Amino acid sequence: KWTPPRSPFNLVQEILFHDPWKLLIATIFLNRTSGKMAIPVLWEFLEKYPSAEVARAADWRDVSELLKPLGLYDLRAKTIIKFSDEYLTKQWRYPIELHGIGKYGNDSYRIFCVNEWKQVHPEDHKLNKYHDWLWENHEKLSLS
């Protein structure tokens, strides 16, 4: 029922919030990685591995090949595949309990996938831009 309003910042989380797995995957790709570089590869990955079910049964050697433009491709690939498996197999309340997810991914989740933005204090620049804007205009929008 919670629909995160569209901001003038077009965060990638705004396009993927409908699927928590995809939103969290995006945060994995964006973690410590430039958006200009990571986003293009992210769309490629999501095209070849469109779901957690697909990503979890995937071959890390193949995933890492697709992740070469971002460096550390072997580690990234294995993390993505492991997180995907835990996301679908582990019992969790918040994604931070899953492999590969930290504050950044959990804050993204808690602002975009569930309605807890008011309790979130982001440390990511773009998340802070969106969050500040949400606070600035939440009266005028209709929300929390």
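Numbering starts at 1 and follows the sequence shown.
- As the entry records it, the average C-alpha temperature factor is higher for 5-13, out of 5-13 and 116-124.
- As listed in the deposited structure, the average C-alpha B-factor of 14-22 and of 132-140 is greater for 132-140.
- As recorded in the PDB entry, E44 shows the highest C-alpha B-factor of the residues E44, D107, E97, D85.
- The PDB entry assigns the greatest CA B-factor among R56, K103, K90, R61 to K90.
- Ranked against the other modelled residues of its chain, the C-alpha B-factor of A77 as given in the entry falls in the middle third.
- Ranked within its chain, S34 lands in the middle third, by CA B factor from the PDB record.
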